[PDB]
Amino acid sequence: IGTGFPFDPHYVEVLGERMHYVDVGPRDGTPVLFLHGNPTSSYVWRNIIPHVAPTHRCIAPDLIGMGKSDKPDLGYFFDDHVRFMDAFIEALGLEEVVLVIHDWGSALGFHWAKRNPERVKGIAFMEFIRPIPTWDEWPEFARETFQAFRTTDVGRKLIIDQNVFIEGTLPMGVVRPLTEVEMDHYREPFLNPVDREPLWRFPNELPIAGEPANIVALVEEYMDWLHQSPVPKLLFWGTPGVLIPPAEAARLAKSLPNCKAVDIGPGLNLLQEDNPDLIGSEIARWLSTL
Ligand SMILES: *CCCCCCOCCOCCNC(=O)CN(C)S(=O)(=O)c1ccc(NC)c2nonc12
Ligand SMILES: [Cl-]
């Protein structure tokens with residue numbers, strides 16, 4: 001599994017702020033938009049893009065306040081990421097797209113797809129945001145931690161001051177051992193604790209036990225849309241998983257229209273780090289069928 005990031009920087013102005021994105025592959029077709037989540041960047045797609053790039057354009061932006069994008073003084077609520085990602089897509093003049101989404105990127109992708117259904121020709125997704133009705137439906141071993149993350153006192157000491165989402169939560173979301181080189185790439189954007197606001201607000205935005213109300217309703221809405229949509233779907237899952245257990249993955253493969261499920265083997269949250277070659281090859285294969 002490659003540790004390098006051999007991609008030239010591309011930048012575009014979005015609502016007054018510069019956002020960074022990877023941009024490779026030919027301009028003569030339908031682009032593929034890769035959306036990462038918390039606490040990652042376009043780096044998380046480094047070993048998946050080379051499988052798709054030869055046949056399709058690959059665009060992988062860093063969310064505002066993350067990766068190599070600018071760091072404006074914001075609360076970094078989901079609404080902020082929505083405004084910026086909406087404007088990013090328009091700034092690149094993209095008409096029709098295929099989405100490849102993960103974690104909070106999936107919340108952005110599905111929410112955008114719901115509002116622009118005619119512009120989405122396919123969605124590949126993995127370990128995605130869905131409504132968690134109660135704390136019982138959150139992984140048992142991470143309940144205390146994420147309950148602690150969702151506080152203004154303990155949560156901010158952990159995530160902001162001590163950087164545990166990078167130093168702990170990130171590597172614990174990968175089955176195989178993340179190397180020090182890979183950890184350093186993920187560390188780069190958040191060396192200053194003042195820049196870690198996005199890392200704390202994200203887990204506080206998760207739709208768990210009806211809070212926050214707005215995110216729960218927003219996510220419920222795009223899941224209803226996904227169940228009602230005939231758009232091609234590609235669901236990657238692993239065992240034991242984190243947000244999407246093997247049992248739920250199989251249920252979704254049946255209930256969602258036009259959905260193909262692919263088992264990646266052992267995995268937790270960052271499935272891209274456990275089996276990038278299968279994920280990449282299956283996206284390339286799937287794209288040719290569309
Ligand atoms: C996509 C958004 C959701 C991401 C889900 C990520 O789940 C991955 C698994 O979660 C691991 C939860 N545990 C931890 O983050 C850290 N543990 C609580 S820890 O290892 O016991 C721990 C405890 C305390 C401290 N510092 C005071 C730690 N620093 O690093 N790990 C620590
Ligand atoms: Cl999160």
Side-chain angles (χ1 to χ4, degrees), residues 4-46 48-50 52-53 56-121 123 129 166 185-202 205 214-215 218 222:
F5 192 74
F7 299 101
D8 289 319
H10 296 268
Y11 294 105
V12 66
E13 310 305 329
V14 181
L15 307 176
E17 309 294 327
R18 191 175 78 180
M19 287 182 65
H20 173 257
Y21 62 106
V22 172
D23 200 1
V24 298
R27 294 294 205 82
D28 63 8
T30 303
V32 186
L33 184 60
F34 297 81
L35 302 177
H36 77 82
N38 190 40
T40 57
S41 78
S42 60
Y43 186 79
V44 80
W45 304 115
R46 69 199 181 282
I48 291 160
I49 288 169
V52 181
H56 296 79
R57 187 188 168 183
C58 289
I59 306 160
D62 298 331
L63 301 179
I64 194 72
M66 310 191 75
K68 296 184 181 178
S69 293
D70 282 6
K71 299 179 182 294
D73 185 33
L74 301 167
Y76 291 101
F77 287 79
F78 182 70
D79 182 47
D80 296 333
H81 291 288
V82 169
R83 290 187 304 98
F84 273 97
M85 188 51 60
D86 281 7
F88 174 86
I89 292 164
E90 296 307 303
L92 269 60
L94 305 178
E95 292 290 342
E96 81 285 1
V97 296
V98 174
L99 296 168
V100 178
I101 60 191
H102 175 238
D103 188 55
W104 279 104
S106 72
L108 293 166
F110 290 134
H111 185 60
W112 191 83
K114 182 199 79 179
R115 293 173 295 128
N116 301 263
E118 61 278 311
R119 293 171 68 183
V120 176
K121 299 291 165 189
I123 312 180
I129 302 295
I166 298 290
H185 281 283
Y186 287 119
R187 284 156 174 161
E188 275 174 11
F190 310 108
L191 297 178
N192 197 317
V194 178
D195 298 334
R196 292 169 191 163
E197 191 68 39
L199 307 182
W200 172 87
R201 179 54 67 183
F202 264 138
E205 289 279 71
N214 63 321
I215 303 302
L218 184 153
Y222 74 54

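Reckoned from all heavy atoms, side chains included, excluding hydrogens, waters and symmetry mates. For reference, positions follow the sequence shown, starting with 1.
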Cation-pi, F7 ring and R46 (6.0 angstrom, 45 degrees) = no
Assess the pair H111 and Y222: is the distance between their ring centroids shorter than 6.0 Å?
-> no
One should read off an interatomic distance between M66 CE and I64 CD1, to the nearest 0.5 angstrom, of 11.0 Å
Is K71 close enough and on-axis enough to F190, meaning under 6.0 Å and within 45°, for cation-pi?
-> yes
Contact check, side chains of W45 and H102, non-hydrogen atoms, under 4.5 Å | yes
From OG (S106) to CD1 (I129), nearest 0.5 Å = 5.0 Å
Ring pair (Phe, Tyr, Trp, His ring centres under 6.0 Å) partners of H81, counting only residues at least two apart = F202
Check whether any side-chain heavy atom of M85 lies under 4.5 Å from a side-chain heavy atom of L35, and answer yes or no.
-> yes
Heavy-atom donor-acceptor pair, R57 side chain to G25 backbone, under 3.5 Å = no
Quick one: OH on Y76 to CG on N38, what's the gap to the nearest 0.5 Å?
-> 13.0 Å
Passes side chain to side chain contact (heavy atoms under 4.5 Å, CB included), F77 versus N214? Steps please.
-> CA-CA 11 Å; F77 287 79; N214 63 321; over 6 Å; no
Atom CG of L108 and atom CZ of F84: how far apart are they, to the nearest 0.5 Å?
-> 12.5 Å
Decide side chain to side chain contact (heavy atoms under 4.5 Å, CB included) for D80 and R201; before the verdict, give the C-alpha distance in whole Å, the side-chain angles of both, and the deciding distance to 0.1 Å.
-> CA-CA 11 Å; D80 296 333; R201 179 54 67 183; over 6 Å; no
Smallest separation among heavy atoms of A60 and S42, with atom names | O-CB, 3.4 Å
Hey, are the side chains of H56 and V98 touching, using non-hydrogen atoms and a 4.5 Å cut-off?
-> no
Do the side chains of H20 and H10 get nearer than 4.5 Å, heavy atoms only?
-> no
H36 and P61 have their tightest heavy-atom pair at CD2-O, 3.5 Å
Where do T40 and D103 land on the side chain to side chain contact (heavy atoms under 4.5 Å, CB included) test, with the steps shown first?
-> CA-CA 10 Å; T40 57; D103 188 55; 5.9 Å; no
Going by heavy atoms in the side chains, are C58 and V22 under 4.5 Å from each other?
-> no
If we only count heavy atoms from C-beta on, is the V97 to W112 side-chain gap below 4.5 Å?
-> yes
Evaluate the side-chain proximity of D86 to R83: yes if any heavy-atom separation is below 4.5 Å, no if none is.
-> no
Note: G65 and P198 closest approach over all heavy atoms is O-CG, 3.8 Å
Do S69 and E17 have side-chain heavy atoms sitting under 4.5 Å apart?
-> no
Could you give the distance from CD1 (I49) to CG (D23), rounded to the nearest 0.5 Å?
-> 9.5 Å
Distance-minimising heavy-atom pair for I101 and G109 = CD1-CA, 4.0 Å
First locate atom CG of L218, then atom CZ of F110, and finally report the distance between them rounded to the nearest 0.5 Å.
-> 12.5 Å
In terms of ring plane angle, is the pair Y43 and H185 parallel, tilted or perpendicular, where the classes change at 30° and 60°?
-> parallel
Are there more than 12 heavy atoms of other residues, nucleotides or ligands under 6.0 Å from atom CG of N192?
-> yes
Verdict with reasoning, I89 to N116, per side chain to side chain contact (heavy atoms under 4.5 Å, CB included) | CA-CA 12 Å; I89 292 164; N116 301 263; over 6 Å; no
